[PDB]
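Student: Under my numbering, the residues of the sequence shown are numbered 5 to 35, in order.
All C-beta atoms, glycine included, are put in the ideal place defined by N, C-alpha and C.
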Amino acid sequence: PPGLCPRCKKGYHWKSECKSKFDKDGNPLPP
Ligand SMILES: [Zn+2]
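#1: So does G30 have its beta carbon nearer than 7 Å to some heavy atom of ligand 1?
#2: Please list, in chain order, all residues of the same chain as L8 whose beta carbon is under 6 Å from its beta carbon, the five residues on each side excluded.
#3: Rounded to the nearest angstrom, what separates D29 and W18 at their Cα positions?
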């Protein structure tokens, strides 16, 4: 589905589904 992770903004997925290491502002993708 069209859900551009507005958190990391490096892929489409849910925040909780964000499997990225870091996110915007280079934040540590929290659990
Ligand atoms: Zn993400």
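Tutor: In this structure, then:
#1: no
#2: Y16
#3: 18 Å
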